[PDB]
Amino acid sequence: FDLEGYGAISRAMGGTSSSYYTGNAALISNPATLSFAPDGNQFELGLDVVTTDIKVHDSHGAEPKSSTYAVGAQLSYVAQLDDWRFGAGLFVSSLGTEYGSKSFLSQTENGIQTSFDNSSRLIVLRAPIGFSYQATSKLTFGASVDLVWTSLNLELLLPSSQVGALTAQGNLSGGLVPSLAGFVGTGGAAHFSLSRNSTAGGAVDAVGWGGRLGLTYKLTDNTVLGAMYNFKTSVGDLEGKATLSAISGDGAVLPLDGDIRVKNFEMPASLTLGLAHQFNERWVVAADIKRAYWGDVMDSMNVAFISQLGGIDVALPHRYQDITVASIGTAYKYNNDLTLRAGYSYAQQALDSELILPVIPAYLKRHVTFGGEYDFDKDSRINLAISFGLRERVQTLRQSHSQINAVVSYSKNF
């Protein structure tokens, strides 16, 4: 879901990654770039805090606001040995909405203000084991594999009409649907809740695996070429405790308690390629094109709620498409220890969608990165980064939202 950049310096140059040293976050990016590290053993610690700013406005002007900040982190050690760089890491990141329980999105049809809450929070934990061999002096090659652990927590309200659209498109089923239609009726609402790791398991979480591999060529003595393939993150089944709760035309509430199993939530596979010409030996420039490939694997994400009274089920086809994100970045060393970086990264999806789901914000296209490094030891470096998600006005409801992302790292060398 870090479709964009990964690393404090990769984040600082428009998410570029493939054909230059991006720190140890290249494990999550292109492990073939790790052999461009200084000698010995780089040990990195990164911190990222992300403030999001969604403003859904609706049919006849009512403001639902989400001004939440998610934070992710990073810590990794890549050790030299021969050409072989052998590192590993823990990469946590976070994303979420929290609109509260006073919005129009906390209304039934009719318009009855319920107490229910709209909110979401995902936490992925990539954790790669990776390598980087220098083959010839012109070619390096790396690969990693990550253990992954996702945790999803959700508070979602659907006005009756949306439920009806779901059964009508052949998407909803399950024996609770009859049963509880006619408690919810044409002015009611259904609600789902998935609450924090209070239960040891539960939580709604899964384990799985992801993969990576890459390369690099020095076409000039001052121009590098780079390619890497990220795999579809094969997330296991999300499982935990949920509460489906049915609300009626007057505001009555039927709380129900069962287990949800979310099948087939894929992160996408992706193929990026790029260069980094250095035409001045303190004025570097890099650029990649990434294409993220969803449009493959033609199955369906299945949300199954089972309970003592019966099951509800939602099948959402995997549909989907590419996102092509052209990104460029520069890195002028104006002096010995201080490189200064900037960039931009326009993404554009192929066949679009306008699934205005306020609890699922969509990736912003035009980001604008900035940042730089200060070596204050040459064996103890530090990097920072700031990225502006230039905002969209999407319109089905009508949304507006923007991201500011802000990173740092510390790399002490050994």
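One-based numbering along the sequence shown.
148 to 156 and 218 to 226 differ in mean CA B-factor, and the higher of the two is recorded for 218 to 226. The deposited model assigns a higher average Cα B-factor to 195 to 203 than to the other stretch when 195 to 203 and 313 to 321 are compared. If you compare the C-alpha temperature factors of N110, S101, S132, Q162 in the entry, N110 comes out highest. Considering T136, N171, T243, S120 together, the PDB entry gives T136 the largest C-alpha B factor.
When the CA B factors of the chain's modelled residues are split into thirds, the value for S29 lands in the lowest one. When the CA B factors of the chain's modelled residues are split into thirds, the value for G175 lands in the lowest one. In the PDB entry, a CA B factor belonging to the lowest third of its chain's modelled residues is recorded for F116. In the PDB entry, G61 places in the highest third of its chain by CA B-factor.
Among the modelled residues of its chain, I386 has a C-alpha B-factor that falls in the middle third, as given in the PDB entry.
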